[PDB]
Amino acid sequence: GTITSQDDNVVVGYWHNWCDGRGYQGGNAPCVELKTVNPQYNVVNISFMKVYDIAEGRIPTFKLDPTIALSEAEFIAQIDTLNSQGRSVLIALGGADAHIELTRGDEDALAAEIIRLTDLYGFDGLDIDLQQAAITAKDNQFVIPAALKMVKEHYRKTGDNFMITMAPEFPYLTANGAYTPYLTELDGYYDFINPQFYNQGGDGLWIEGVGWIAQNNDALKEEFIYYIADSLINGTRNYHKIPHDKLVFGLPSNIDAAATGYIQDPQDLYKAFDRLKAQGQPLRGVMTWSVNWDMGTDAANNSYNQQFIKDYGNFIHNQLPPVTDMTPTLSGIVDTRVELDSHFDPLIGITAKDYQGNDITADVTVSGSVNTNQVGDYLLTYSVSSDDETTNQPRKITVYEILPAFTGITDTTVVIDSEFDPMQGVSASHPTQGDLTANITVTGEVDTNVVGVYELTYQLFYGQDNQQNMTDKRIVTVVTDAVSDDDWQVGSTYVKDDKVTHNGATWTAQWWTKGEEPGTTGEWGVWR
């Protein structure tokens, strides 16, 4: 069949390219034929395209597991059957424990392989399900989006919408998180995102005013679904924005399918989705790992018997078609610190796209202004409008100054009659003004002919018109070279006529002494 895409809500189910997968609670997921998957799964994701063996190179591929007992041709035929029913069959890239590591330049070969597989099997698109290191390995965050843009454009030439979806684990969807390169580079290209709201334990989000709402909290599941979706579809609470018409809520089919995240009471989902509809932002569907688990068994060999599709198929399909959120995006805006008097260009690094991913950078306007000749904060607001919508974002620009620094102003002792130059070895620097040594003045003098302690005050003048100042003090001690009688020591023994220096004077012992301080023994004592 032909490239078959979905214009309305979706119930997405992954399909295991393997048999008898073990459950987190000891159950079993059989392989199943595609033709047996419930019709209400209108998107079925073949899992997974990956690197099967590094000896075939870096480019991932898909290899049907023959033990499912579908020949290549029969598998093809069953995809065609789904397509004839108006259902989409995507290829899912990655999965758990799949390492993919591509280098800049690999994009052409990756696109070529996606096209080859797509044309051979009749796939309708690709789901990005990179996990763990594969999300950020080498140049993946560049190569995979680059390849996918090529694939999208290739099929657009013939009037076909090759679907692009993604299945990020939700924690990666913070505003600057690991998936954000895939989301931004593919804005306009992707059909919807179905994040995984499972296998993350106690992770979740903080709602100012209700507290922490965790993905494994079964008492607050309605609030979990509502608030995490609300944050995604509006770009609030530190999440990257995924428009509501493009957000599909990914879930485990049952307790065997994922460690945590199963919805015990489907009412919690119905109500959360209704609340999102009530604020004008209905979601685009649900997704599940997996149709195999939905048709699987538990540890007691009891059948799950399609409970997931029973709970959610009709609820999600019995909804109005999606209404596109046509708001444009701005990229590259970050609060920036600028050194006093440096040049600042408010447009550099900032771009914009309409909701279809067309570049509309030239249409960005900025209000506010920065005065780099004055330290302080300056607030800019960037705006762009397209498609009867507007997006705005602020940017704080802080102008700061750095103090210069002196070198070589350290206390020093010099010998009598030596030459002393107060500027020898003395300098000052500043990162933008450069060498400021010629801007140093010296208050005070050293007289090296006269023993004693001389204070010098160094002043540095700098900045505009040399009206900024900083000061540092230096002590220069001039000492004689003259040989003196050895210093008195409290523990030494002296006898008549021994001489000692103490407290600035030379004293002579008049008899035997130990422990008596010169100067403290009066008019007629041992030291004179």
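A residue's number is simply how far along the shown sequence it sits, counting from 1.
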Practice problem: Pick between 444 to 452 and 401 to 409: the one whose mean CA B-factor in the entry is higher. | Solution: 401 to 409
Practice problem: Take the C-alpha B-factors listed in the entry for 179 to 187 and for 241 to 249, compute each mean, and give the stretch with the larger one. | Solution: 179 to 187
Quiz item: Out of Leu64, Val490, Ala29, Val478, which shows the largest CA B-factor listed in the entry?
Solution: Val490
Exercise. Could you say which of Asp124, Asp354, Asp421, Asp230 has its CA atom at the highest B factor, as listed in the PDB entry?
Key: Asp421
Self-check item: Ranked against its chain, the third holding the CA B-factor of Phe461
Solution: middle
Self-check item: CA B-factor ranking of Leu90, expressed as a third of its chain
Solution: lowest
Quiz prompt | Cα B factor band for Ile348 (lowest, middle or highest third within the chain) | solution = highest
Quiz prompt | Chain third (lowest, middle, highest) by recorded CA B-factor, residue given as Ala509 | solution = highest
Quiz prompt | Relative C-alpha B-factor of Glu169, binned into the chain's lowest, middle or highest third | solution = lowest
